[PDB]
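Heads up: the structure comes next, in structure tokens.
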Amino acid sequence: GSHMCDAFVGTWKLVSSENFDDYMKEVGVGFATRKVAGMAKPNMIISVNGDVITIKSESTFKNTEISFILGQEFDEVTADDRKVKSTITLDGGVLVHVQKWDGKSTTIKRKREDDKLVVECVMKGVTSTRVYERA
Ligand SMILES: O=C(O)CCn1c(-c2ccccc2)c(-c2ccccc2)c2cc(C3CC3)ccc21
């Protein structure tokens with residue numbers, strides 16, 4: 001039956017992006033990829049099937065897909081083509097996604113707030129806020 005994270009399940013569309021270009025600079029994304037990725041307005045599709053959660057992006061830039069079990073580390077290739085080790089957990093209602101590569105790590109936290117899904121992307125001291133609403 002249902003689970004708390006069923007509040008993330010559905011189809012979402014990006015409506016607000018703040019400081020993403022500075023986040024991508026901290027991550028190390030090069031110029032052309034920053035400009036083309038920063039223009040994108042991806043939809044995000046989140047589904048659950050038993051213990052397996054799947055998060056997809058769909059856009060004019062890249063379509064990405066990850067499927068995972070909470071707390072169980074996996075391999076991920078990101079939209080900017082980094083090969084990372086990822087682990088996703090739930091901390092009180094917040095989906096916390098840690099990506100590690102080449103000695104660096106970034107954390108992407110997804111939480112519901114009103115009718116929005118608010119995504120905070122953190123790399124060292126730079127934070128980007130990406131707000132989605134239901135599509
Ligand atoms: O919601 C966010 O934006 C954070 C997670 N994330 C996504 C994404 C992932 C799943 C669903 C919807 C968007 C993209 C993304 C996917 C497709 C097209 C454009 C961007 C993304 C790109 C980056 C650049 C690597 C630095 C960092 C985090 C990223």
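Starting from 1 in every chain, residues are counted up; chains themselves are A, B, ... following the order of the structure tokens, and ligands are numbered from 1 as listed.
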Can you tell me which residues come within 6 Å of ligand 1 when counting only C-alpha atoms and all ligand atoms, ideally as a short mmCIF file (atom, residue, chain, number, x, y, z; two decimals) with N, CA, C and O atoms, in the first residue's frame?
```cif
data_model
loop_
_atom_site.label_atom_id
_atom_site.label_comp_id
_atom_site.auth_asym_id
_atom_site.auth_seq_id
_atom_site.Cartn_x
_atom_site.Cartn_y
_atom_site.Cartn_z
N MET A 24 25.83 25.39 -11.16
CA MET A 24 26.51 24.63 -12.18
C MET A 24 28.01 25.04 -12.27
O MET A 24 28.83 24.18 -12.48
N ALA A 37 21.87 23.84 -20.73
CA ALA A 37 21.13 23.17 -19.63
C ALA A 37 20.32 24.21 -18.88
O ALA A 37 19.21 23.91 -18.43
N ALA A 40 16.97 24.91 -20.26
CA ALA A 40 15.95 23.83 -20.23
C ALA A 40 14.85 24.04 -19.18
O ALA A 40 15.08 24.57 -18.06
N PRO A 42 12.85 21.34 -17.77
CA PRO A 42 12.42 19.92 -17.75
C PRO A 42 11.12 19.67 -17.00
O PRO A 42 10.77 20.38 -16.06
N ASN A 43 10.37 18.68 -17.51
CA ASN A 43 9.40 18.01 -16.66
C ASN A 43 10.13 16.94 -15.82
O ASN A 43 11.14 16.37 -16.26
N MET A 44 9.61 16.64 -14.63
CA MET A 44 10.16 15.60 -13.77
C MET A 44 9.05 14.60 -13.51
O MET A 44 7.95 15.00 -13.13
N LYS A 56 12.59 10.54 -13.41
CA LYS A 56 12.94 10.83 -14.80
C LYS A 56 12.88 12.33 -15.06
O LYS A 56 12.06 13.05 -14.48
N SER A 57 13.76 12.81 -15.94
CA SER A 57 13.58 14.17 -16.48
C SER A 57 13.20 14.01 -17.95
O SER A 57 13.56 13.00 -18.61
N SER A 59 13.24 16.66 -21.38
CA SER A 59 13.43 18.05 -21.81
C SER A 59 14.00 18.10 -23.20
O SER A 59 14.26 17.05 -23.80
N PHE A 61 16.86 19.34 -23.77
CA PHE A 61 18.29 19.17 -23.60
C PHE A 61 18.66 17.69 -23.44
O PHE A 61 19.20 17.08 -24.41
N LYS A 62 18.26 17.09 -22.32
CA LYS A 62 18.50 15.66 -22.04
C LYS A 62 17.26 15.05 -21.40
O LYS A 62 16.47 15.73 -20.74
N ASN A 63 17.04 13.76 -21.65
CA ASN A 63 16.11 13.00 -20.83
C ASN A 63 16.93 12.05 -19.91
O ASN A 63 17.80 11.34 -20.41
N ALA A 79 23.05 14.79 -16.13
CA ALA A 79 22.60 15.48 -17.41
C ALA A 79 23.84 16.16 -18.05
O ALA A 79 23.97 16.31 -19.31
N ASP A 80 24.78 16.55 -17.19
CA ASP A 80 26.07 17.16 -17.67
C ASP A 80 27.20 16.09 -17.88
O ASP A 80 28.39 16.42 -17.99
N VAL A 119 13.13 22.03 -5.05
CA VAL A 119 14.39 21.27 -5.12
C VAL A 119 15.55 22.21 -4.84
O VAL A 119 15.66 23.25 -5.46
N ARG A 130 15.05 25.28 -7.40
CA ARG A 130 14.33 24.91 -8.62
C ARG A 130 12.96 24.52 -8.16
O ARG A 130 12.86 23.60 -7.31
#
```
Practice prompt. Please identify all polymer residues within 7 Å of segment 48-52 of chain A, counting only C-alpha atoms, omitting same-chain residues fewer than 4 positions from it, and present them as a ChimeraX atom specification.
Written response: /A:67-69
Fill in: Shell around segment 90-98 of chain A at 7 Å using only C-alpha atoms, local window under 3 positions removed, as a PyMOL selection string
chain A and resi 86-87+105-111
Discussion item. To test your reading of the structure, identify every residue in chain A that backbone DSSP assigns to alpha helix (DSSP H), and report it as a PyMOL selection string.
Written reply: chain A and resi 20-27+31-39
Selected residues, N, CA, C and O atoms, written as a compact mmCIF listing (two decimals), in the first residue's frame, please.
```txt
# COMPACT_ATOMS: atom_id res chain seq x y z
N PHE A 20 20.81 28.91 -10.71
CA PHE A 20 21.29 27.63 -11.22
C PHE A 20 22.64 27.77 -11.92
O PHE A 20 23.44 26.82 -11.92
N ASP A 21 22.85 28.90 -12.62
CA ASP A 21 24.09 29.00 -13.35
C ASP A 21 25.26 29.04 -12.34
O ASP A 21 26.30 28.35 -12.60
N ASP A 22 25.12 29.72 -11.20
CA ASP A 22 26.22 29.72 -10.21
C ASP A 22 26.40 28.28 -9.59
O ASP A 22 27.54 27.84 -9.34
N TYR A 23 25.28 27.57 -9.33
CA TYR A 23 25.41 26.14 -8.90
C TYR A 23 26.20 25.29 -9.89
O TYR A 23 27.14 24.57 -9.51
N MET A 24 25.83 25.39 -11.16
CA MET A 24 26.51 24.63 -12.18
C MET A 24 28.01 25.04 -12.27
O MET A 24 28.83 24.18 -12.48
N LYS A 25 28.31 26.33 -12.21
CA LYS A 25 29.73 26.74 -12.08
C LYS A 25 30.48 26.06 -10.94
O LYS A 25 31.60 25.58 -11.20
N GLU A 26 29.88 25.93 -9.72
CA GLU A 26 30.54 25.27 -8.57
C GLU A 26 30.76 23.76 -8.80
O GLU A 26 31.75 23.16 -8.35
N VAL A 27 29.82 23.14 -9.51
CA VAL A 27 29.88 21.76 -9.85
C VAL A 27 31.02 21.52 -10.84
O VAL A 27 31.64 20.43 -10.81
N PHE A 31 30.99 26.06 -20.06
CA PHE A 31 30.15 27.14 -20.56
C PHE A 31 28.99 26.68 -21.44
O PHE A 31 27.82 27.06 -21.17
N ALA A 32 29.28 25.95 -22.51
CA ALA A 32 28.18 25.67 -23.47
C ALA A 32 27.12 24.80 -22.79
O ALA A 32 25.92 25.01 -22.98
N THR A 33 27.57 23.74 -22.10
CA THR A 33 26.61 22.92 -21.38
C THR A 33 25.83 23.74 -20.35
O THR A 33 24.56 23.57 -20.26
N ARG A 34 26.46 24.69 -19.62
CA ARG A 34 25.66 25.55 -18.70
C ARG A 34 24.59 26.34 -19.44
O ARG A 34 23.47 26.50 -18.94
N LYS A 35 24.95 26.89 -20.61
CA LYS A 35 23.97 27.78 -21.27
C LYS A 35 22.76 26.93 -21.78
O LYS A 35 21.59 27.38 -21.65
N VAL A 36 23.06 25.79 -22.37
CA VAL A 36 21.98 24.95 -22.95
C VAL A 36 21.18 24.28 -21.80
O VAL A 36 19.91 24.17 -21.87
N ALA A 37 21.87 23.84 -20.73
CA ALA A 37 21.13 23.17 -19.63
C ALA A 37 20.32 24.21 -18.88
O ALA A 37 19.21 23.91 -18.43
N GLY A 38 20.87 25.42 -18.71
CA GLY A 38 20.16 26.48 -17.99
C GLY A 38 18.91 27.02 -18.67
O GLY A 38 18.02 27.57 -18.03
N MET A 39 18.83 26.81 -19.99
CA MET A 39 17.69 27.19 -20.74
C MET A 39 16.58 26.15 -20.56
O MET A 39 15.42 26.45 -20.78
```
Worksheet entry | For residue 128 of chain A, the nearest of the candidates A:99, A:2, A:60, A:19, counting only C-alpha atoms | A:19
Discussion item. Could you pull out the strand (DSSP E) residues of chain A, going by DSSP on the backbone, and write them as a PyMOL selection string?
Written reply: chain A and resi 10-18+43-49+52-58+65-68+74-77+83-91+94-101+104-113+116-123+126-134
Mind writing the picked residues with C-alpha atoms as a CSV table (one decimal), in the first residue's frame?
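Full text of result-v8.csv as output:
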```csv
chain,number,residue,atom,x,y,z
A,10,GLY,CA,3.4,12.3,-10.4
A,11,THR,CA,4.4,14.6,-13.2
A,12,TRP,CA,5.9,18.0,-12.5
A,13,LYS,CA,7.0,21.0,-14.6
A,14,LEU,CA,9.7,23.5,-13.8
A,15,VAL,CA,8.3,27.0,-13.0
A,16,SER,CA,11.2,28.9,-11.3
A,17,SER,CA,15.0,28.6,-11.3
A,18,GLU,CA,17.2,30.7,-9.1
A,43,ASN,CA,9.4,18.0,-16.7
A,44,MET,CA,10.2,15.6,-13.8
A,45,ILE,CA,8.3,12.3,-13.5
A,46,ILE,CA,8.5,10.4,-10.1
A,47,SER,CA,7.0,6.9,-9.6
A,48,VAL,CA,7.2,4.1,-7.0
A,49,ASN,CA,7.0,0.3,-7.6
A,52,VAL,CA,12.0,0.9,-6.2
A,53,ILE,CA,11.7,4.7,-6.8
A,54,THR,CA,12.2,6.1,-10.3
A,55,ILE,CA,12.9,9.8,-11.1
A,56,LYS,CA,12.9,10.8,-14.8
A,57,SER,CA,13.6,14.2,-16.5
A,58,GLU,CA,12.2,15.0,-19.9
A,65,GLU,CA,16.3,8.3,-15.6
A,66,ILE,CA,17.3,6.8,-12.3
A,67,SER,CA,15.8,3.9,-10.3
A,68,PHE,CA,16.9,3.1,-6.8
A,74,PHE,CA,24.0,3.2,-7.2
A,75,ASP,CA,25.8,4.4,-10.3
A,76,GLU,CA,24.4,7.5,-12.0
A,77,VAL,CA,25.4,9.4,-15.2
A,83,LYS,CA,29.7,9.5,-13.6
A,84,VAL,CA,28.8,9.6,-9.9
A,85,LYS,CA,28.1,7.3,-7.0
A,86,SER,CA,24.7,8.3,-5.6
A,87,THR,CA,22.7,7.4,-2.5
A,88,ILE,CA,19.2,8.6,-1.8
A,89,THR,CA,17.5,8.6,1.6
A,90,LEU,CA,14.6,10.0,3.3
A,91,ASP,CA,15.3,12.4,6.2
A,94,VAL,CA,12.9,15.3,2.6
A,95,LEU,CA,14.4,13.1,-0.2
A,96,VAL,CA,18.2,13.7,0.2
A,97,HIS,CA,20.3,12.7,-2.9
A,98,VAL,CA,24.0,12.7,-2.4
A,99,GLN,CA,26.3,12.5,-5.5
A,100,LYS,CA,30.0,11.8,-5.1
A,101,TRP,CA,32.7,11.9,-7.8
A,104,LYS,CA,33.6,16.1,-4.6
A,105,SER,CA,30.0,15.8,-3.4
A,106,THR,CA,26.8,17.7,-4.1
A,107,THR,CA,23.5,17.2,-2.3
A,108,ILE,CA,20.0,17.7,-4.0
A,109,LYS,CA,17.1,17.9,-1.6
A,110,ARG,CA,13.5,17.6,-2.7
A,111,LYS,CA,10.6,18.5,-0.4
A,112,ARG,CA,7.0,19.4,-0.9
A,113,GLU,CA,5.8,22.9,0.0
A,116,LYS,CA,5.0,22.9,-5.2
A,117,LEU,CA,8.0,20.5,-5.2
A,118,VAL,CA,10.9,22.6,-4.1
A,119,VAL,CA,14.4,21.3,-5.1
A,120,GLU,CA,17.5,22.7,-3.4
A,121,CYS,CA,20.8,21.9,-5.1
A,122,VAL,CA,23.8,22.6,-2.8
A,123,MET,CA,27.5,22.5,-3.7
A,126,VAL,CA,26.3,27.8,-3.4
A,127,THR,CA,22.6,26.9,-3.4
A,128,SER,CA,20.2,26.8,-6.3
A,129,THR,CA,16.4,26.6,-5.9
A,130,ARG,CA,14.3,24.9,-8.6
A,131,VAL,CA,10.5,25.0,-8.1
A,132,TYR,CA,8.2,22.6,-9.8
A,133,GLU,CA,4.4,22.5,-10.0
A,134,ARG,CA,2.1,19.8,-11.1
```
Worksheet item: When you draw a straight line from atom CA of residue 82 of chain A to atom CA of residue 135 of chain A, how long is it in Å?
Response: 28.1 Å
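Taking atom CA of residue 1 of chain A and atom CA of residue 71 of chain A as the two end points, the separation is 20.2 Å.
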